[PDB]
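The block underneath contains the structure these notes are about, expressed in structure tokens.
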Amino acid sequence: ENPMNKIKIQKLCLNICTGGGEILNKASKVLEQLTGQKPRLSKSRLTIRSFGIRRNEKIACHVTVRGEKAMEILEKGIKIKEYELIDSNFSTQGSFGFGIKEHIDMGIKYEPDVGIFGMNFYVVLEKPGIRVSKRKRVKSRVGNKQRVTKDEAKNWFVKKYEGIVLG
Amino acid sequence: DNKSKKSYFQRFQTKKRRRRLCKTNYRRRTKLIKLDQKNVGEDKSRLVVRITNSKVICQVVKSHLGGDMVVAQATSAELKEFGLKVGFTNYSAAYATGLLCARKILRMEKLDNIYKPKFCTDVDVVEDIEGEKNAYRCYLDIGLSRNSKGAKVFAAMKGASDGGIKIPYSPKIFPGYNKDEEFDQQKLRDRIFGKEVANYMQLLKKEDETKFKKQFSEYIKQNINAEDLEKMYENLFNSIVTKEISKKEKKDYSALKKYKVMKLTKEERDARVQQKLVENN
Amino acid sequence: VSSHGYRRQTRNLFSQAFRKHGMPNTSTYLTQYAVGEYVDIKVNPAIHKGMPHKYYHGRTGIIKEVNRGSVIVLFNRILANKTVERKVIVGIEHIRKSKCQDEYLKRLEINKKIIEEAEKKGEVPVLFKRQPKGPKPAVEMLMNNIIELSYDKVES
RNA sequence: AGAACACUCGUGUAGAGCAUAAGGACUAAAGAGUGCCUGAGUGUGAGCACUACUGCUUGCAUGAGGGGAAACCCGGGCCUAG
RNA sequence: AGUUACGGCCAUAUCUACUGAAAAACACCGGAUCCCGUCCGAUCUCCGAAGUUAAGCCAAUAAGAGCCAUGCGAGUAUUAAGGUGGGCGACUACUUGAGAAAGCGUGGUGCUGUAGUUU
């Protein structure tokens with residue numbers, strides 16, 4: 001087969017949303033354990049009385065992982081979801097996402113004062129050369145040859161983890 | 001939404017060519033080149049430094065109406081004449097190229113014998129010798145590259161200064177600067193003569209000899225060792241200052257015009273369309 | 001009633017042309033000026049320093065003094081039925097070199113040859129004046145190929 | 001977790017913003033962020049708006065002046081009122 | 001003859017699909033010890049050559065969209081001067097002069113300056 005032209009992970013995005021006070025600190029400590037990083041707190045775009053959100057108030061924390069560490073977390077999570085995904089979960093862009101309701105399934109000890117949180121996982125796939133669209137000098141749009149398509153993303157998932165993609 | 005209607009295309013204004021290509025910053029260029037109306041006969045020279053995956057380029061350029069004129073040029077790939085075997089995009093190779101560039105200039109102007117070289121022993125700007133002709137003057141053009149402490153663009157710039165050209169600079173940008181303390185110049189000298197890489201080579205042989213072979217294969221092929229670098233670089237600098245490279249010859253590669261493709265005539269284009277209708281019916 | 005600020009009534013003037021927005025081109029900055037040249041004012045709305053008053057837009061005058069990034073130009077104006085000279089300060093981004101002397105300078109180059117020979121051989125120059133177009137010329141015609149014209153078009 | 005919560009990928013000539021009328025101006029910015037500073041210096045000339053008051057443009061000299069690697073810029077507020 | 005570095009005039013150069021490419025370059029590419037900067041060596045900064053023409057850059061193709069030119073529209077629309085011209089008016093004929101636009105047809109699809117490198 002032709003080298004280059006082979007799929008990889010470029011990014012895994014993790015986010016927890018918990019609008020309020022000390023809850024965000026309690027949450028942040030979790031992300032700081034699952035990955036060796038300090039996560040970025042994010043703030044409310046609008047003011048929404050019903051949801052209990054003032055504008056410019058912190059509401060969530062996220063962290064982005066790349067390289068080897070990404071492989072461990074993704075394997076750890078797809079197990080929790082029992083290798084089962086729906087055709088809804090894949091985009092026209094070569095990316096996919098799922099959710100988890102209970103952080104303790106990723107293995108960490110309980111500590112009853114910390115609490116129970118869920119988490120979103122989102123995964124972005126790639127082929128070499130993407131740098132052409134991100135570098136400062138001579139920045140250009142990539143060729144259709146080097147994108148990742150909806151079918152390819154499913155094929156990669158099936159191959160790599162032996163999972164089942166339901167219609 | 002946008003690209004769905006004709007009016008989008010009809011009303012659109014294109015950026016200038018070198019902006020579409022992301023090669024030039026026009027706001028920076030204008031501040032750098034704009035003419036002073038009272039200083040008639042002033043003819044500012046830019047020192048242009050650019051770094052490619054393969055090589056370092058120094059050019060000295062004057063901006064004239066209709067197009068920029070290149071006074072002189074030097075490239076790290078030419079240092080192969082003086083026996084440089086390795087690291088053509090290294091911090092040392094940046095400095096060496098700026099040194100080479102300066103000498104070629106001062107020879108043309110015949111200032112060469114008045115303003116002598118000075119290998120990296122202070123951080124002052126070049127100063128006009130009394131009773132003789134003034135130093136050649138230039139200003140630095142770094143393009144789209146970022147300014148930060150220890151960027152390779154500033155190495156070439158110190159090369160040129162040490163070579164005898166007058167550039168205004170502040171030492172804030174060199175390794176060995178301190179926020180509220182005197183300049184530690186041994187750190188600067190260290191990098192110029194390649195200590196930074198020797199120290200990496202030495203480390204890897206203790207850590208992982210497999211990774212060492214992967215990281216430094218080209219060096220191994222030349223039988224260079226970490227110990228050899230200072231002698232290598234001292235020789236390289238001296239030779240630049242001492243010798244001169246042979247002139248280039250001109251040749252007509254005209255015959256390679258065979259490879260150029262030529263556009264279809266009207267007569268052909270029409271027949272091709274006609275055939276396409278008939279193939280369809 | 002109308003007002004009297006410094007940029008009154010300049011909605012049409014002092015606006016960019018279609019598909020020509022943005023800052024000036026390099027040629028603007030690399031042009032050198034000298035005392036005694038004729039120069040022509042056209043304001044660039046994107047530059048906010050060194051703008052002249054809108055009366056002077058599109059007028060041509062003569063350079064009196066030259067500074068780092070601006071010029072002083074002499075103009076004449078009628079006020080209270082008398083002629084007044086005015087000295088206008090303008091930045092170099094709002095001016096272009098005038099073409100108004102072009103033909104005269106060519107004519108001077110021809111005169112400069114003749115006026116030397118006129119000392120050696122003649123006594124006075126022929127001086128090469130322009131003349132307005134004269135009467136219609138004479139013509140000799142072969143008289144084959146006649147074309148007839150008629151009110152054939154009825155124009156309902 | 002809903003019409004409307006946070007995070008992403010692709011398109012995106014301005015359909016946004018620019019405290020305060022209306023017009024003009026602005027896109028690797030003049031918009032949004034981040035760093036440092038108090039030039040919202042000091043003497044003294046020449047001019048533009050129908051030009052007194054007022055507002056602005058610009059010259060020369062100085063500061064144990066600022067910001068920037070530097071070319072450059074700054075004696076209030078992007079320009080036209082307070 | 002191309003390319004590459006720095007440019008000039010700023011779409012004949014744009015936008016969308018497809019296809020080609022000797023040499024040398026230009027790139028993608030392999031790491032983070034240091035200098036430097038990030039939630040994140042993705043970007044920026046540094047140290048490298050195991051791979052690859054798949055991408056970009058360059059070039060061709062398309063009764064392509066858009067842009068540029070020219071012919072026609074057309075002596076048409078409008079307009080300066082004039083008369084004891086006409087009309088209740090609204091407006092309009094004539095005499096000596098100046099003179100368009102949209103649409104629609106046909107052709108084009110970057111040109112050049114200084115230096116460097118490659119049969």
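Labels for the structure tokens follow display order: chains A, B, ..., residues from 1 in each chain, ligands from 1.
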Can I get the residues of chain B within 7 Å of chain D, each with the closest pair of atoms and their distance in Å to one decimal, using only C-alpha atoms (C1' of nucleotides), sorted chain first then ascending number, as JSON lines?
{"residue": "B:12", "atom": "CA", "partner": "D:13", "partner_atom": "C1'", "distance": 6.1}
{"residue": "B:13", "atom": "CA", "partner": "D:13", "partner_atom": "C1'", "distance": 6.9}
{"residue": "B:31", "atom": "CA", "partner": "D:72", "partner_atom": "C1'", "distance": 5.9}
{"residue": "B:32", "atom": "CA", "partner": "D:71", "partner_atom": "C1'", "distance": 4.9}
{"residue": "B:139", "atom": "CA", "partner": "D:71", "partner_atom": "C1'", "distance": 6.6}
{"residue": "B:140", "atom": "CA", "partner": "D:70", "partner_atom": "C1'", "distance": 6.7}
{"residue": "B:168", "atom": "CA", "partner": "D:70", "partner_atom": "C1'", "distance": 6.8}
{"residue": "B:169", "atom": "CA", "partner": "D:69", "partner_atom": "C1'", "distance": 6.0}
{"residue": "B:170", "atom": "CA", "partner": "D:69", "partner_atom": "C1'", "distance": 6.1}
{"residue": "B:173", "atom": "CA", "partner": "D:69", "partner_atom": "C1'", "distance": 6.6}
Save out the residues we just selected, C-alpha atoms, as a PDB file, in the first residue's frame.
ATOM      1  CA  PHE B  12     -15.455  41.112  -4.657  1.00  0.00           C
ATOM      2  CA  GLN B  13     -12.063  42.889  -4.252  1.00  0.00           C
ATOM      3  CA  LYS B  31       7.228  51.869   7.307  1.00  0.00           C
ATOM      4  CA  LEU B  32      10.560  50.247   6.399  1.00  0.00           C
ATOM      5  CA  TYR B 139      18.559  47.852   8.438  1.00  0.00           C
ATOM      6  CA  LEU B 140      17.151  44.407   9.260  1.00  0.00           C
ATOM      7  CA  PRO B 168      21.523  49.330  14.917  1.00  0.00           C
ATOM      8  CA  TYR B 169      20.547  46.613  17.403  1.00  0.00           C
ATOM      9  CA  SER B 170      19.664  46.090  21.059  1.00  0.00           C
ATOM     10  CA  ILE B 173      17.449  39.487  21.792  1.00  0.00           C
TER      11      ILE B 173
END
Could the residues of chain A that have an atom at most 12 Å from chain E be listed as a tab-separated table, each with its closest atom pair and the distance in Å to one decimal, counting only C-alpha atoms (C1' of nucleotides) and ordered by chain and ascending residue number?
residue	atom	partner	partner_atom	distance
A:2	CA	E:54	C1'	8.5
A:3	CA	E:52	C1'	7.4
A:4	CA	E:54	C1'	6.7
A:5	CA	E:54	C1'	6.3
A:6	CA	E:54	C1'	10.1
A:10	CA	E:42	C1'	8.3
A:11	CA	E:42	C1'	8.8
A:12	CA	E:40	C1'	10.3
A:13	CA	E:40	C1'	10.3
A:14	CA	E:39	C1'	10.9
A:15	CA	E:39	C1'	11.5
A:28	CA	E:39	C1'	11.4
A:31	CA	E:39	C1'	10.5
A:32	CA	E:39	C1'	10.2
A:35	CA	E:39	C1'	10.6
A:36	CA	E:39	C1'	10.2
A:37	CA	E:39	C1'	6.5
A:38	CA	E:39	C1'	5.7
A:39	CA	E:39	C1'	4.6
A:40	CA	E:39	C1'	5.1
A:41	CA	E:39	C1'	8.9
A:42	CA	E:39	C1'	11.0
A:61	CA	E:39	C1'	9.5
A:62	CA	E:39	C1'	7.4
A:63	CA	E:39	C1'	5.3
A:64	CA	E:40	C1'	5.7
A:65	CA	E:40	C1'	6.1
A:66	CA	E:40	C1'	7.1
A:67	CA	E:40	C1'	10.1
A:69	CA	E:40	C1'	11.6
A:70	CA	E:40	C1'	11.6
A:127	CA	E:54	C1'	9.8
A:128	CA	E:28	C1'	7.7
A:129	CA	E:28	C1'	5.8
A:130	CA	E:55	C1'	8.3
A:131	CA	E:28	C1'	8.4
A:132	CA	E:56	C1'	6.4
A:133	CA	E:56	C1'	9.1
A:134	CA	E:43	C1'	7.3
A:135	CA	E:43	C1'	7.1
A:136	CA	E:43	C1'	8.4
A:137	CA	E:56	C1'	11.7
A:138	CA	E:56	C1'	8.5
A:139	CA	E:56	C1'	8.6
A:140	CA	E:56	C1'	6.9
A:141	CA	E:56	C1'	8.2
A:142	CA	E:55	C1'	6.8
A:143	CA	E:55	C1'	6.3
A:144	CA	E:55	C1'	9.2
A:145	CA	E:54	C1'	7.3
A:146	CA	E:55	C1'	6.8
A:147	CA	E:55	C1'	10.1
Report task. Name the residues of stretch 12-254 of chain B that fall into alpha helix (DSSP H) according to DSSP on the backbone, using the chain letters and numbers of this document, as a VMD selection string. Result -> chain B and resid 17 to 20 26 to 33 91 to 109 152 to 163 185 to 192 195 to 207 209 to 221 229 to 242
Please produce, as a Markdown table, a per-residue contact table for chain C versus chain B (criterion: any atom at most 8 Å away, only C-alpha atoms considered), showing the nearest atom pair and its distance in Å to one decimal, sorted by chain then residue number.
| residue | atom | partner | partner_atom | distance |
| --- | --- | --- | --- | --- |
| C:19 | CA | B:13 | CA | 5.4 |
| C:20 | CA | B:13 | CA | 7.7 |
| C:26 | CA | B:30 | CA | 7.0 |
| C:27 | CA | B:65 | CA | 6.5 |
| C:29 | CA | B:34 | CA | 5.3 |
| C:30 | CA | B:35 | CA | 5.7 |
| C:31 | CA | B:65 | CA | 7.8 |
| C:32 | CA | B:37 | CA | 6.5 |
| C:33 | CA | B:37 | CA | 7.1 |
| C:66 | CA | B:37 | CA | 7.0 |
| C:67 | CA | B:38 | CA | 6.0 |
| C:68 | CA | B:37 | CA | 4.9 |
| C:69 | CA | B:37 | CA | 6.4 |
With the cut-off set at 6 Å and counting only C-alpha atoms (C1' of nucleotides), tabulate each residue of chain E with an atom at most that distance from an atom of chain B, showing the nearest atom pair and its distance in Å to one decimal, ordered by chain and increasing number, as CSV.
residue,atom,partner,partner_atom,distance
E:1,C1',B:257,CA,4.3
E:7,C1',B:67,CA,5.1
E:8,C1',B:66,CA,4.7
E:10,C1',B:16,CA,5.3
E:33,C1',B:200,CA,5.7
E:35,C1',B:150,CA,5.6
E:66,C1',B:9,CA,5.7
E:113,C1',B:67,CA,5.5
E:114,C1',B:69,CA,4.8
E:115,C1',B:70,CA,5.7
E:119,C1',B:253,CA,5.5
Query raised in the report: Running DSSP on the backbone, which parts of chain C land in strand (DSSP E), as a ChimeraX atom specification?
Result: /C:38-41,60-66,70-79,82-91,95-97
Saved selection, atoms kept: N, CA and C atoms, as a short mmCIF file (atom, residue, chain, number, x, y, z; two decimals), in the first residue's frame:
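Final output, saved to again.cif:
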data_model
loop_
_atom_site.label_atom_id
_atom_site.label_comp_id
_atom_site.auth_asym_id
_atom_site.auth_seq_id
_atom_site.Cartn_x
_atom_site.Cartn_y
_atom_site.Cartn_z
N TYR C 38 5.06 71.32 -10.69
CA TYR C 38 3.62 71.45 -10.63
C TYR C 38 3.02 70.13 -10.17
N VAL C 39 2.09 70.25 -9.22
CA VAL C 39 1.56 69.09 -8.53
C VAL C 39 0.05 69.24 -8.41
N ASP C 40 -0.64 68.11 -8.25
CA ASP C 40 -2.08 68.01 -8.39
C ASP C 40 -2.65 67.29 -7.16
N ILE C 41 -3.70 67.85 -6.54
CA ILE C 41 -4.20 67.34 -5.26
C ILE C 41 -5.38 66.40 -5.47
N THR C 60 -4.56 72.27 -9.08
CA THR C 60 -3.13 72.14 -9.34
C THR C 60 -2.38 73.42 -8.98
N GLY C 61 -1.23 73.27 -8.33
CA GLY C 61 -0.44 74.41 -7.88
C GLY C 61 1.06 74.12 -7.96
N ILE C 62 1.86 75.01 -7.37
CA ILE C 62 3.30 74.95 -7.53
C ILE C 62 3.98 74.80 -6.17
N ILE C 63 4.97 73.90 -6.10
CA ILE C 63 5.64 73.57 -4.85
C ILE C 63 6.56 74.72 -4.48
N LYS C 64 6.41 75.18 -3.23
CA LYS C 64 7.14 76.31 -2.67
C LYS C 64 8.20 75.82 -1.69
N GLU C 65 7.89 74.81 -0.86
CA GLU C 65 8.81 74.26 0.15
C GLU C 65 8.56 72.77 0.35
N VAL C 66 9.61 72.00 0.71
CA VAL C 66 9.57 70.55 0.85
C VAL C 66 10.09 70.14 2.22
N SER C 70 5.62 66.14 3.99
CA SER C 70 4.64 67.10 3.52
C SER C 70 5.29 68.18 2.66
N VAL C 71 4.43 68.94 1.98
CA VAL C 71 4.80 69.91 0.97
C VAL C 71 3.96 71.17 1.19
N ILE C 72 4.50 72.35 0.83
CA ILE C 72 3.72 73.58 0.82
C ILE C 72 3.49 74.04 -0.62
N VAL C 73 2.21 74.25 -0.99
CA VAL C 73 1.81 74.53 -2.35
C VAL C 73 1.12 75.90 -2.40
N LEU C 74 1.42 76.68 -3.45
CA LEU C 74 0.86 78.01 -3.60
C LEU C 74 -0.37 77.96 -4.52
N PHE C 75 -1.46 78.62 -4.10
CA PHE C 75 -2.70 78.73 -4.86
C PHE C 75 -3.16 80.19 -4.92
N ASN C 76 -4.08 80.48 -5.84
CA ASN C 76 -4.76 81.77 -5.91
C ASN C 76 -6.28 81.60 -5.81
N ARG C 77 -6.98 82.61 -5.28
CA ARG C 77 -8.39 82.49 -4.93
C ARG C 77 -9.03 83.87 -4.98
N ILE C 78 -10.31 83.97 -5.39
CA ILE C 78 -11.00 85.26 -5.37
C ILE C 78 -11.85 85.36 -4.11
N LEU C 79 -11.59 86.42 -3.34
CA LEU C 79 -12.38 86.77 -2.17
C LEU C 79 -12.65 88.27 -2.24
N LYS C 82 -11.35 90.48 -5.08
CA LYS C 82 -9.91 90.70 -5.17
C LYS C 82 -9.17 89.36 -5.22
N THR C 83 -7.93 89.35 -5.74
CA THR C 83 -7.16 88.12 -5.81
C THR C 83 -6.26 87.97 -4.60
N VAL C 84 -6.25 86.77 -4.01
CA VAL C 84 -5.48 86.50 -2.80
C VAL C 84 -4.64 85.25 -3.02
N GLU C 85 -3.35 85.27 -2.66
CA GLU C 85 -2.56 84.04 -2.62
C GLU C 85 -2.73 83.28 -1.30
N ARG C 86 -2.71 81.94 -1.39
CA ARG C 86 -2.94 81.03 -0.27
C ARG C 86 -1.87 79.95 -0.27
N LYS C 87 -1.37 79.60 0.92
CA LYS C 87 -0.28 78.65 1.10
C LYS C 87 -0.77 77.42 1.87
N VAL C 88 -0.90 76.29 1.16
CA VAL C 88 -1.63 75.14 1.65
C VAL C 88 -0.63 74.04 2.00
N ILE C 89 -0.77 73.46 3.19
CA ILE C 89 0.07 72.37 3.65
C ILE C 89 -0.64 71.05 3.35
N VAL C 90 0.08 70.10 2.72
CA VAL C 90 -0.49 68.84 2.26
C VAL C 90 0.49 67.70 2.53
N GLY C 91 -0.01 66.55 2.97
CA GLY C 91 0.83 65.36 3.10
C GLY C 91 1.00 64.64 1.76
N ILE C 95 -1.14 63.79 -2.91
CA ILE C 95 -0.70 64.49 -4.12
C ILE C 95 -0.19 63.55 -5.22
N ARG C 96 -0.24 64.01 -6.49
CA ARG C 96 0.31 63.31 -7.65
C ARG C 96 0.98 64.32 -8.58
N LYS C 97 2.01 63.92 -9.34
CA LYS C 97 2.71 64.87 -10.20
C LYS C 97 1.82 65.27 -11.38
#
Requested in this report: Tell me the residues of chain C close to chain D, meaning within 7 Å using only C-alpha atoms (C1' of nucleotides), as JSON, numbers by chain.
Outcome: {"C": [5, 6, 7, 11, 15, 45, 46, 48, 50, 88]}
